[PDB]
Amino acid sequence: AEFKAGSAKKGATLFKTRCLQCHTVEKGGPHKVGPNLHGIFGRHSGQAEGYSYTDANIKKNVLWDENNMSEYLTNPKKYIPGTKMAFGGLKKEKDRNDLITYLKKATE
């Protein structure tokens, strides 16, 4: 199914274990391997200030919402062929819902 609100509490733990190694969520957080995700929802892909993306990520030009984020996070490389995000995906729909619920709030 499409996105449905889950548990931000569980999503934060998922973020810590699966994402935090490469990403920050806070405005002005440290620079990492992946782009700062502050403000990601409602922004097009490839637009974080001062980050060097693949051409693939820029050219996809997806306007990130909670539904296409769930599709992307299922399998990043299938959604954006050639992306340099070294992440196979979140297989479980419940995990995607929980993570995205946390991410939507934490990146405000």
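Under this definition, the rigid core comprises the largest set of C-alpha atoms superposing within 1.5 Å between the forms. All residue numbers are counted from 1 along the displayed sequence.
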query: Between 25-33 and 44-52, the one whose CA atoms sit farther away in 4 other deposited structures of this protein (rigid core aligned); finding: 25-33
query: Comparing 2-10 with 99-107, the one whose average Cα B-factor in the PDB entry is higher; finding: 2-10
query: Stretch exceeding the other in mean C-alpha B-factor - 23-31, 69-77; finding: 23-31
query: Record-listed C-alpha B factor of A48: chain third; finding: middle
query: Third assignment of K16 from its chain's C-alpha B-factors; finding: middle
query: Among modelled residues of the same chain, the CA temperature factor third for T54; finding: middle
